[PDB]
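K.L.:
Sequence, then the experimental structure. Questions to follow.
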Amino acid sequence: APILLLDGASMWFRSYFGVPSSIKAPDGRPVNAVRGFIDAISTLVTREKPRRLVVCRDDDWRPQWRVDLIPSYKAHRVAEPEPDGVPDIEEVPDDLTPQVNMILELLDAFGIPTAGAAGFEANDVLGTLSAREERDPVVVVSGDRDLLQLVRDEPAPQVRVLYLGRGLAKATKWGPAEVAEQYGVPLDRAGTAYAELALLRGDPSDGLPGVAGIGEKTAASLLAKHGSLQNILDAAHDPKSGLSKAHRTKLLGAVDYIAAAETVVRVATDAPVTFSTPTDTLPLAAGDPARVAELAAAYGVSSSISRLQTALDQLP
Ligand SMILES: [Mn+2]
Ligand SMILES: [Mn+2]
Ligand SMILES: [Mn+2]
């Protein structure tokens, strides 16, 4: 049985856009994201039958240490920047933010493991927990393709990304083979190589311009030929490497961006993760059944909690 690691914010944003906003609590507040997010857990529990499951939090969705390296990072998504230490106010619809609070309440009362690392993103939590796992195959559940950098075959246990780009129902599991087949990175280091390719090609939806003149195809063939990004910069710095002069000029005109983006684009694998629960075991019933029942009533997702309990009951 795999341990599921859930990219919480990716998922309840998906649920917010995948469940109609006319699904409301008795007090009138939309709870479409809450319903959608709980149902996704039940769907995941029934499909994967995990014993262990963690909802990974964004203690800081936009850490200033990444913004100091690449100021444009996630900048088009900031509602209001907050100074030193305080996470920036993300641009989020006014009727989704209370729903995030509802979800965290329901998880806390149920006792579903959540995890976070102060000053780090959920993606770092995901990378840390998947890097450290030594017992069970890891399924990272997310709509964020950046996480494909976590895929792993060996050393065991394997790590797959159950990718939500087309929704949960169509989601398949991505491993090094799929990543290699889809982006042209070498299979023996598909995960890390994917992150090196994303650095070079850029990622506009996160405000990372990438290296001008080096698209994804060119990035792949330079990894397919030089094996690793460190090698590409050496081949560029060494004046008679086989590198084309055009490619050298593009790479040298970007050395400081390449260096600064390295730690921005790669997820941290050694973040100080803390759990809300003593362990990452999935509980088979609510830790606080009365509060769960009260919060679900108040939040208008009683039937979703009902369906979660049935999925849990069907675990062997
Ligand atoms: Mn800030
Ligand atoms: Mn994220
Ligand atoms: Mn990204």
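P.N.:
Thanks, I have it. Numbering: from 1, shown residues only. Ligands and ions are numbered 1, 2, ... in the order given.

K.L.:
Skipping adjacent residues, who's closest to residue 312 in space?
P.N.:
Distances taken as C-beta to C-beta, 6 or more residues apart in numbering put residue 284 closest to residue 312, at 5.1 Å, once the chain neighbours are dropped. Every residue, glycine included, has its C-beta placed from N, CA and C.

K.L.:
Would you confirm that the one you found belongs to a helix?
P.N.:
No - applying DSSP: H, G, I helix; E, B strand; the rest coil, one finds residue 284 to be coil, outside a helix.

K.L.:
That one: neighbour count?
P.N.:
The number of residues packed near residue 284 is 10, by other C-beta atoms under 10 Å.

K.L.:
Test my guess that it contacts residue 315.
P.N.:
Yes - using C-beta atoms under 8 Å, residue 284 and residue 315 qualify as a contacting pair, with a distance of 6.7 Å.

K.L.:
For this protein, which residues are neighbours of ligand 3?
P.N.:
Listed as neighbours of ligand 3 in the chain under the rule C-beta under 5 Å from the ion: 146, 203, 206.

K.L.:
Out of the residues you listed, give me the one that has the most neighbours.
P.N.:
residue 146 (23 neighbours).

K.L.:
Wait, that one touches residue 208, no?
P.N.:
No - at 9.8 Å, residue 146 and residue 208 do not qualify as touching, with contact defined as C-beta under 8 Å.

K.L.:
Around ligand 1, which positions in this structure sit nearby?
P.N.:
With C-beta under 5 Å from the ion as the criterion, the chain comes near ligand 1 at residues 64, 81-82, 88.

K.L.:
How about the contacts made by the nearest residue to residue 142 once chain neighbours are set aside?
P.N.:
Nearest non-adjacent residue to residue 142, counting by C-beta to C-beta, 6+ apart: residue 7, 3.4 Å away. With contacts defined as C-beta atoms under 8 Å, 6 or more residues apart in numbering, the neighbours of residue 7 are 56, 122-123, 126, 140-144, 147.

K.L.:
what sits opposite residue 7 in the beta ladder?
P.N.:
With DSSP bridges as the criterion, residue 7 is bridged to residue 56.

K.L.:
Would you quantify the distance from it to residue 129?
P.N.:
When C-beta to C-beta, to the nearest Å is the yardstick, residue 7 and residue 129 sit 11 Å from each other.

K.L.:
what touches both of these two?
P.N.:
When contacts are counted by C-beta under 8 Å, 6+ apart, the set common to residue 7 and residue 129 consists of residue 56.

K.L.:
What's the local residue count around residue 9?
P.N.:
The burial count for residue 9: 22, using other C-beta under 10 Å.

K.L.:
so what's the backbone phi/psi at it?
P.N.:
As for residue 9, its main-chain torsions (degrees, to the nearest 10) stand at phi -60, psi -40.

K.L.:
ok, back up a step: ok, of the residues of the chain next to ligand 1, which come out buried?
P.N.:
For the residues of the chain next to ligand 1, burial is judged from neighbour counts taken by 16 or more other C-beta atoms under 10 Å, and it is met by 64, 88.

K.L.:
Could you list which residues are in contact with the closest residue to residue 57 other than its chain neighbours?
P.N.:
Across the structure, with C-beta to C-beta, 6+ apart as the measure, the residue nearest residue 57 apart from its sequence neighbours is residue 116 (3.7 Å). Counting by C-beta under 8 Å, 6+ apart, residue 116 makes contact with 56-59, 122, 125, 273-274.

K.L.:
all helices of the stretch 151-300 of the chain, in order?
P.N.:
Ranges of helices in the stretch 151-300 of the chain, per DSSP state H, counting those that start in this stretch, are 176-183, 190-201, 216-226, 229-237, 245-252, 255-265, 289-299.

K.L.:
looking at those, which is closest to residue 92?
P.N.:
For the helices of the stretch 151-300 of the chain, proximity to residue 92 was assessed by C-beta to C-beta; helix 289-299 is nearest, at 18.0 Å.

K.L.:
ok now that closest one, how far from the chain's centre?
P.N.:
Once both centres are worked out by C-alpha atoms, centre = their mean, to the nearest Å, helix 289-299 turns out to sit 28 Å from its chain's centre.

K.L.:
Residues contacting whatever helix or strand comes next after that helix, please?
P.N.:
Proceeding N to C from helix 289-299, the next assigned helix or strand is helix 302-313, under DSSP states H and E. When contacts are defined by C-beta under 8 Å, 6+ apart, helix 302-313 is touched by residues 34-35, 38-39, 41-43, 45-46, 106, 110, 282-286, 292-293, 296.

K.L.:
try 7 Å this time
P.N.:
Counting by C-beta atoms under 7 Å, 6 or more residues apart in numbering, the neighbours of helix 302-313 from elsewhere in the structure are 35, 38-39, 41-42, 45-46, 284-285, 292, 296.

K.L.:
Drop anything exposed from those residues.
P.N.:
For these, burial is judged from neighbour counts taken by 16+ other C-beta under 10 Å, and it is met by 35, 38-39, 41-42, 45, 292, 296.
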